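Q: Take this structure, written in structure tokens, and hold onto it; I'll ask about it next.
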Amino acid sequence: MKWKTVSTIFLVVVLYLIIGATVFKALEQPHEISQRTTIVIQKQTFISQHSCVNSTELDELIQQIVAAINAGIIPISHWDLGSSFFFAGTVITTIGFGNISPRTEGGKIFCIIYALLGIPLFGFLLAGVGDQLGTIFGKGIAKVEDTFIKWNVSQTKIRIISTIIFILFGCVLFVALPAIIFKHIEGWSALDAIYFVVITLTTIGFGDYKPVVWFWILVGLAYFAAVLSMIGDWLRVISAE
Amino acid sequence: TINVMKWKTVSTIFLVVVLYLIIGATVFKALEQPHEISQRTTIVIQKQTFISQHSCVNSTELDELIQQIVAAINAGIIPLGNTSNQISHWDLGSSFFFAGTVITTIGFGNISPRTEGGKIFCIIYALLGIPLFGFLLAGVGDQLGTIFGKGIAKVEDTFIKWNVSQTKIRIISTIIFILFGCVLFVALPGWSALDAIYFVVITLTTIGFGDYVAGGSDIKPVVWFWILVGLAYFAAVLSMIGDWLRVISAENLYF
Ligand SMILES: CCCCCCC(CCCCCC)(CO[C@H]1O[C@@H](CO)[C@H](O)[C@@H](O)[C@@H]1O)CO[C@H]1O[C@@H](CO)[C@H](O)[C@@H](O)[C@@H]1O
Ligand SMILES: CCCCCCC(CCCCCC)(CO[C@H]1O[C@@H](CO)[C@H](O)[C@@H](O)[C@@H]1O)CO[C@H]1O[C@@H](CO)[C@H](O)[C@@H](O)[C@@H]1O
Ligand SMILES: *[C@@H]1O[C@H](CO)[C@@H](O)[C@H](O)[C@H]1NC(C)=O
Ligand SMILES: [K+]
Ligand SMILES: [K+]
Ligand SMILES: [K+]
Ligand SMILES: [Mg+2]
């Protein structure tokens with residue numbers, strides 16, 4: 001890649017971040033202001049309903065929870081075998097964590113080595129998953145492409161339907177399916193469920209929150225890898241234009 | 001024939017990843033659970049002292065109040081006292097930073113959009129921004145590759161005239177590549193040396209620092225250069241380890 005292209009893409013990225021900074025402030029800062037009043041009211045409500053507790057003592061209890069969260073414990077275990085397996089999973093997938101992370105010197109030393117060896121290893125698995133699914137999808141798309149060719153239909157119409165099949169696959173497993181699960185377990189809206197899924201499978205990560213579950217995460221990460229690769233290809237078309 | 005060899009590789013690497021995760025779960029439990037039990041007793045002792053000193057509050061009420069205090073802390077605003085001392089996580093500067101953590105896939109722990117519009121925009125912004133940033137990072141990688149390549153060519157040409165084996169030259173170049181990471185991302189940036197290395201590795205591999213401090217952390221040319229060069233350098237490190245794992249896998253499968 002030429003240096004002239006690198007400086008142009010850098011400028012587009014800086015511009016895109018300014019657009020992001022402007023829209024996020026516009027959509028999120030007024031709600032945060034109103035949520036400060038929600039806190040103040042809920043605080044004044046607690047002191048009124050529990051007169052034996054005063055504002056200074058309530059602030060002392062909040063700072064203890066701050067100390068606990070800073071110590072790496074949310075006041076159910078975080079470092080049991082099962083929870084440690086999911087934690088090791090968020091490391092090698094690069095999804096990450098919020099406040100629950102190693103706090104010991106040895107735990108930090110191991111996490112550095114574990115990530116450096118594990119992230120390439122999981123990328124190898126994910127590369128193979130995407131390739132296996134791509135062959136399964138490619139064989140299915142070939143039967144549809146052969147059928148539409150025999151009944152004389154244009155190539156532009158053939159690729160248009162192939163994109164609908166790809167979007168529907170993502171709509172079923174990563175839009176509709178989690179909207180049903182997260183509305184039953186957590187009671188979240190379709191948008192709160194879809195937001196959780198996009199953020200997890202792009203590996204941005206949600207912060208702090210058996211065979212079919214790990215299979216869904218693997219196919220999901222493979223699917224969004226293909227989605228972001230396709231959007232990347234679309235950006236190469238816009239750049240050439 | 002090649003289709004059989006393609007599946008045999010995915011199945012074995014799946015088993016190796018499952019084994020790697022069982023090892024990780026076992027070692028993280030061994031290293032972090034004793035510290036967790038120790039910190040939980042302190043919280044339980046403090047929570048029971050509160051109920052004892054404040055008779056008008058029960059265990060059910062305190063459990064409900066702590067859930068709300070954690071919800072606010074994780075949102076980015078610690079409830080102290082009128083929250084006027086808590087810095088907004090959604091000003092132009094902070095949102096610029098937030099947008100960065102989205103497109104780099106680093107994330108920002110528990111700080112995320114809390115409105116419908118913010119969540120809708122963040123979905124579209126992520127799906128479009130992550131491939132866009134990937135282009136900037138591949139470009140930075142290509143440039144740094146050309147710079148380091150020309151430099152290694154001069155070192156190799158020097159060792160060639162000094163009658164040194166190809167095995168020793170490749171080994172020496174690996175030391176230079178490793179030293180390039182120690183100087184720019186360990187030595188160049190009260191925290192200990194391990195805390196500095198852990199922060200760098202976790203951030204630049206895009207796992208993300210998470211939430212170093214409760215309710216988010218506080219806040220240009222050299223920094224942006226260090227981040228871009230850093231992400232590009234770690235992308236190269238992980239790529240090389242990936243290539244090595246492909247050799248090992250092929251060695252076990254073909255022989
Ligand atoms: C400035 C940003 C922080 C705002 C935090 C607002 C605070 C707590 C304040 C209490 C402070 C105590 C010292 C409002 O408290 C609300 O919490 C709800 C859920 O528990 C309850 O349903 C509701 O009755 C209560 O008023 C938490 O609300 C959030 O809770 C999330 C689930 O954790 C919800 O996904 C989210 O959508 C909701 O907005
Ligand atoms: C952030 C630093 C990244 C550095 C990447 C540099 C790296 C590979 C890693 C070398 C490690 C040595 C222990 C190319 O790496 C990348 O270069 C890109 C173009 O720049 C290519 O597009 C890409 O395909 C390639 O993988 C090329 O280095 C090579 O340069 C040769 C010049 O003659 C040297 O003869 C050779 O000894 C050296 O090995
Ligand atoms: C009530 O508030 C005052 C002022 O901060 C403080 O001195 C007092 O000790 C608090 N009450 C209790 C029971 O701690
Ligand atoms: K992440
Ligand atoms: K990531
Ligand atoms: K994160
Ligand atoms: Mg804050």
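Think of each number as a place in line: the chain as shown, counted from 1.
For this deposited structure, the header notes the method as X-ray crystallography, 2.6 Å.
Heads up, the Cβ atoms here are built off N, Cα and C, so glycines get one too.
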Q: Consult Swiss-Prot and report the residue, out of A:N54, A:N152, annotated as N-linked glycosylation site.
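A: So the answer, going by Swiss-Prot, is A:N54.
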Q: Whole-number Å only: compute the distance from the Cα of A:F206 (K(+) 3 binding site) to the Cα of A:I95 (K(+) 1 binding site).
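A: Taking the Cα atoms only, A:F206 (K(+) 3 binding site) lies 8 Å from A:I95 (K(+) 1 binding site).
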Q: Cα-Cα distance in Å from A:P75 to A:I76, with 7 residues unmodelled between them?
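A: With 7 residues missing, A:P75 and A:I76 have Cα atoms 9 Å apart.
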Q: Given the binding-site residues A:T94, A:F97, A:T203, A:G205, A:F206, return the subset with CB under 6 A from an atom of ligand 5, ordered by sequence, or none if empty.
A: A:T94, A:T203
Q: Which sequence-distant residues neighbour the region 'Selectivity filter 2' (A:203-208)? Criterion: at least 6 residues beyond either end, Cβ under 8 Å.
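A: Contacts of the region 'Selectivity filter 2' (A:203-208) (Cβ under 8 Å, skipping residues fewer than 6 from its ends): 74, 90, 93-100, 196, 221.
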Q: Using Cβ-Cβ distances, find the residues under 8 Å from A:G96 (K(+) 3 binding site) that belong to the same chain and are at least 6 apart in sequence, listing them in sequence order.
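A: Set apart from A:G96 (K(+) 3 binding site) by at least 6 residues yet with Cβ under 8 Å, we have A:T90, A:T203, A:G205.
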Q: Could you tell me which of these binding-site residues, A:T94, A:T203, has the greatest number of Cβ atoms within 10 Å of its own Cβ?
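A: Highest number of other Cβ atoms within 10 Å: A:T94.
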Q: When you measure from the Cβ of A:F97 (K(+) 3 binding site), how many other Cβ atoms are you left with inside 10 Å?
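A: Neighbour count, Cβ to Cβ under the 10 Å cut-off: 27.
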